[PDB]
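Worksheet for the structure shown next.
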Amino acid sequence: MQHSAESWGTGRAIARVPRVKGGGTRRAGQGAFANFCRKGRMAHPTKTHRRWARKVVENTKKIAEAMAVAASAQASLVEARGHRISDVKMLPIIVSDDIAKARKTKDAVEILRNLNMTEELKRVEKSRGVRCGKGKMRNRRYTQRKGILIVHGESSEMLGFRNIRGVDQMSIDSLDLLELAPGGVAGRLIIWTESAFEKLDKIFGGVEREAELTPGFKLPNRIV
Amino acid sequence: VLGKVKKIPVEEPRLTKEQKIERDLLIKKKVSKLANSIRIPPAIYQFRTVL
Amino acid sequence: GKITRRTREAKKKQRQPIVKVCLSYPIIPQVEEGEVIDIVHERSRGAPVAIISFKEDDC
Amino acid sequence: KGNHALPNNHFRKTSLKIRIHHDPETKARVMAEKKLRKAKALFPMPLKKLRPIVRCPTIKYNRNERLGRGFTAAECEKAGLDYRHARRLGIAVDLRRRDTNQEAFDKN
Amino acid sequence: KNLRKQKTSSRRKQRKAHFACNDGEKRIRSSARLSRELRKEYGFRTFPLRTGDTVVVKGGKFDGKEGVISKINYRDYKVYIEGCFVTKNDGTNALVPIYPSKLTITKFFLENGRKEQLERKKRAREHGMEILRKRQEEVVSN
Amino acid sequence: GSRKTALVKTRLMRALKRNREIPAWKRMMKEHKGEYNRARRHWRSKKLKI
Amino acid sequence: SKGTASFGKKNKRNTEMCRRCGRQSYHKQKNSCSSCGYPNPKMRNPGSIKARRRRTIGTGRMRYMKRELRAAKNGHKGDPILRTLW
RNA sequence: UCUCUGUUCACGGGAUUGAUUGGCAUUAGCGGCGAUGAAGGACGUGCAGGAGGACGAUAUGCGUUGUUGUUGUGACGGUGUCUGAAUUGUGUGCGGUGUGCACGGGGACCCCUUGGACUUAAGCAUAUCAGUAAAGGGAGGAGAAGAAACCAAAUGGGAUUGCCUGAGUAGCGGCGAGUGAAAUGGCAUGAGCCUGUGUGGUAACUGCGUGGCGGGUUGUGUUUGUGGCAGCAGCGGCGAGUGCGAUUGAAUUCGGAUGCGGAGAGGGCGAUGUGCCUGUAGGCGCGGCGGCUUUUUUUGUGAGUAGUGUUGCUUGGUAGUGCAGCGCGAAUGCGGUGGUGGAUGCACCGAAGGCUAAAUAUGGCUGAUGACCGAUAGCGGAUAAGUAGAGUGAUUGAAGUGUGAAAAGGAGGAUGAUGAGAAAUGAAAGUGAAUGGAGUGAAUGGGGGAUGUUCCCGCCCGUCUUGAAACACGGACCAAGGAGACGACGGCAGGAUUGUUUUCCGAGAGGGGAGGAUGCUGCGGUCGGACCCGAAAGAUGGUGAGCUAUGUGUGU
RNA sequence: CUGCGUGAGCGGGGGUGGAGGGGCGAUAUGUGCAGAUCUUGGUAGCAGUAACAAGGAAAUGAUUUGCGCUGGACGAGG
RNA sequence: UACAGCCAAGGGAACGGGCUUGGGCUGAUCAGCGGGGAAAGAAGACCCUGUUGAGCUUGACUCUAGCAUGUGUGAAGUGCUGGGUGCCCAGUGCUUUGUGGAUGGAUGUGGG
Ligand SMILES: [Zn+2]
């Protein structure tokens, strides 16, 4: 729209669109402003105040986190979405809180082979590669599958688990839905510590008893 | 601006340190003669009597 | 409308005037004696003008 | 056309303006770092002042209490203190308020 | 206007810093690695290149050759080595350019004040390997 | 014309010693081949405007 | 004869090069530049939206203002000799 | 041979696929010019130089310091022709002839002045658009505001500024179209001071100077930080860990091994990457620049103002909500205010002098990000783009990216060489050469059959219209681009979570029990540029008497 | 060139090309062209047509001869 | 420049190159020519409609610059003639010691 274009009107044997003023250049006399003209503007330009986010009901947010936690103990659901497990003892998996003393990465990898999580970290490594279409040049060049999630109850992070390709961490006081059910499908493979696993009855309560650390919430009752 | 003639400012000439002094005493005389030709109130006229 | 001829002829004359010379004689209470030194024609007048010379003044 | 409520949407002025902050999560935590930085520049003294308990005005809010602006000079005097000296000890003083109730005067 | 320690991880900003940096930074990005037998005297890995150094090629059609650097072009990332050439359609020879990160340094050059550059960096590394040892051994108690 | 001001003369001189092709030693280089000046003016087609 | 034949009479030039801005727009009978307004002490208000971005801060060399900006990042220390007097 | 139609090879053109040191958006900091000569302009500077970029007679760059041996470069300091506010000037303070200050640039956001019309009302004049755009004057990193001559009607709150609720409500309005607050309640941030009546046993005071001059009694009254405390940015340097086999022009591919990790962010390298290089995580060293921080005893006042008659403008303010011209013009146990003009009780406050952080706004610059665009897109501008070019002037304004891993090499033809490959890919419209078939019928299509035809059927599409093959309009051909998406407020349908839901009638005076709430997708309604393209006009601010018209000076 | 589908469309084979490309579920849209005297670029027929030029000669042409009428200076503009 | 290009009648949006039923020159050239293609050019200027304009007029509606005429503001001191009931005002001459530059409101006029 950076011109002083005006239409020529009828009577000259050319169509009525507005046209550039001037002389001495091939731009002079060509179409301007219209959505069907070369170098024009869009019919309905894109604007910054469209709605980007959405609102979820607060209670439905917590029903979804409880389904995702419940599905991490059915072995049929954890094997449907990948997650090769043929040598774990029983689900759910719980270890003591003294894995936080592994502060070198060489030890944290030894704790994970003792739990038979060895062929799982190999499946994530071999799935890494370049993305197919145009997104690869928009700073999104590599993709790969999801692996193990460590739900602990200590402070900021475990430094010795941070470099392993295929391992995430989460705090019991956060418990977000975007890590628990990746892609919107429940059944991730989770490893609990013993301090975090004991706080699960205060966060979610029961079907007819309210929960403390979350005022009001009760599990929904059954329809069959 | 429609066939007319211009605005013509003035900024009249300036006095130079002896026309100014000559212009201050002209005003002091013209104002003193008016102060003695109108009726003077009593509270200001009493100061015309000194030791 | 547009502005009439009478009003524009008045504005043209403040821009570019016709000028005449303003004849007049001075003040001399004592009987002096003058001297006509010239009689001359002038543009825009019909009457001739005389140049008269006194002891300390011309008119 | 049709049976609808009569609409009253005011968008007839070209001078109107829209205003949106598109990232309020980073804006909140940038203001909590400002708030913790004042606190340890005043270090020993706690950055907030002690305020009184007052009563909401009309008959609709009559039965409700609230934190107010400051204490009065008589409330400070009877607690053994001068209001010029209560201000150096982190107490807020309001010389506009008037004293008209004896129970509320005692709570403060 | 140095740019090789950018915080950003954007692809357009990183390729811009490789192809358009100043000549001071073109020399550090043209760095080569030392051999095993030369890395026991000095403690460090890679060091930058200059003419007169003896190197060895690794990969390509000149894989396994050894020679002396006769010219470098830092601005274009091109190294010319005596003994890797080709015959034009006239009977004449020409030297072929090689990329600096496919070479290995053996027996470098020590004459134009370069004997001291190697000794300044050998001291900075052993002074830094003790700040790490004292911190580590005390954080051993940590 | 033969008559001209001093400021008109020094700008006509500057415009004159600009209308020139790339020197031959620069075109013979390896990385300057196929380059021509392309900012050239001919006195009949384009006018300088004083 | 108001077309082709009237063009052969146009050999007088009304303007010259302006000594403030350098365009061929200083009108000699008017004593005034139609681009920048010289000899008024202030520069003329531009006649269009695009005219503002053809001649402003940054479209020339900025010989002094660049130097001053490098000095204000270091606290305006001056010549190291004269620093004893200050 | 010519016309139409198959097939193969060669042209012509630049679509498509894949790239990208460019664009665009949101967010965090900063907001740093000038008489100590700015921004902008003109002309110059290299041994061999035109454009661009860089630079100023110390000119294609000089000094100090770091890194280097190189076409060398980083960080800081110096120089800067002739111009331009451009000033050897004009105005003005302090002095008494000395010495200061103002002027211009920019102006998104802020303060003050002035002030439209298009448009809506299906016409139009009050009204609306709108005290908005344009114009002018004055400031800063923000500005302006600010410590009750307040709000109210309780058992009362308690400076300014921003956000939610109150509420499209009370009200204003050819009571039409339209227009439109605030208090309370809930949050963010929080902070209060200076003066015009200061001694009389002696101006106790200060600008200039080194125990003096100037000011001042018509009234001056101004110590102190190389110390501490908290913070913010920058610069420099060190930085772990590798080798064989197969395919390839070359491997990061495929197959055995062997290590690092507070480092498996991203980028380059002859191709798809944890140990090939750069960095990365994390420690060390060194400048710099700010914010807080020193408290001798003091008492009392704000007039050509407030108000008011009249006239003009403004506000939701309705019989001033606020402001201004002209004229009149106050009080001292007194003055002001309480959503209808006036009276009188009760309530609540002290105007007409001065200063004040924080929470708020926003072109551009610098950092960090992205369900954004990918060369007719994205900024006009991925290149010597506000350039080439156009106009008397104010102004106006494009088109153009790709040899290869390596120059290993070509450029009239032919013969050849190098390379993995003659070298980005290379559609349609249209054409040349060869070769097969058909024709003297406008061509093309469907059924049924067949290596062209023979029988039957078949007028040119789109559109407005009672009605088109029309002597109704648009359409020579091909590629690419090209039009109901988005915001606010309400209703209904389908779906999700939860359910111990509801301030009623009436102009008032008076009277008085009767399943929703919060999101998500779609459709209908209104205002927004509003599905896309199109007037004749109206207003604000600027340019021209080189063509042509008239007057006047001086020539032919 | 060939298979499947009532259709919108989806597969396979041989050349060319020399680096990346997909299926399935939910989600975000600048989401599908024959037309607008549509926009920008390229190309036909018309058509080797209209229009324009071919100035007097002498094997040679610094020599011989035939024809036309502006010719020479100052200013503006270049 | 939709595609094309020989005629008669019929019906048809009531004057067909194409549709129905009949009549036909001539295989591909060159120069001419002005019957037809309701030939080309130009979103009919005539005429009507639109709650679309603009130039101009006045006895259209609503206003307005300027101009006229009372009246408020402005400078002090004095004499004189006249009105009504002591009173307010008119003209009014004089003196020098303000000044003449203006400015608020009211009624009439006003196709400039
Ligand atoms: Zn100028």
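Per chain, numbering begins at 1; letters A, B, ... match sequence-line order.
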Taking atom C1' of H:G156 as reference, at what distance in whole Å does atom CZ of D:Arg63 sit? 15 Å
I want to check one thing: is the phosphate of H:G267, taken as OP1 and OP2, less than 4.0 Å away from some side-chain N or O of E:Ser9? no
Heavy-atom contacts under 4.0 Å between residues 7-17 of chain D and RNA chain I, which residues? none
Would you call E:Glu130-E:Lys134 a salt bridge at under 4.0 Å N-O? yes
If we ignore hydrogens and angles and just use 3.5 Å, is the side chain of A:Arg131 paired with the main-chain N or O of A:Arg140 as donor and acceptor? yes
Watson-Crick or G-U wobble partner of H:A442, both distances under 3.5 Å: none
What about F:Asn37: does its side chain form a donor-acceptor pair under 3.5 Å with the base of H:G50? yes
H:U16|H:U17 base stack, centroid gap <5.5 Å, plane angle <30°: yes
Rounded to whole Å, how long is the line connecting atom NZ of E:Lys58 with atom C1' of H:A251? 11 Å
Protein-nucleotide distance (G:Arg13, atom CZ; I:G78, atom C1'), rounded to Å: 10 Å
Closest nucleotide of RNA chain J for A:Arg16 versus for B:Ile38: which of these residues is on the 5' side? A:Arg16
Would you mind reading off the distance between A:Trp8 atom CH2 and H:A535 atom P, rounded to a whole angstrom? 15 Å
For atom CZ of A:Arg19 and atom P of H:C533, their distance in whole Å: 15 Å
Specify the separation, in whole Å, of atom CG of F:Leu7 and atom P of H:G41. 17 Å
Atom P, compared across H:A424 and H:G475: separation rounded to whole Å: 42 Å
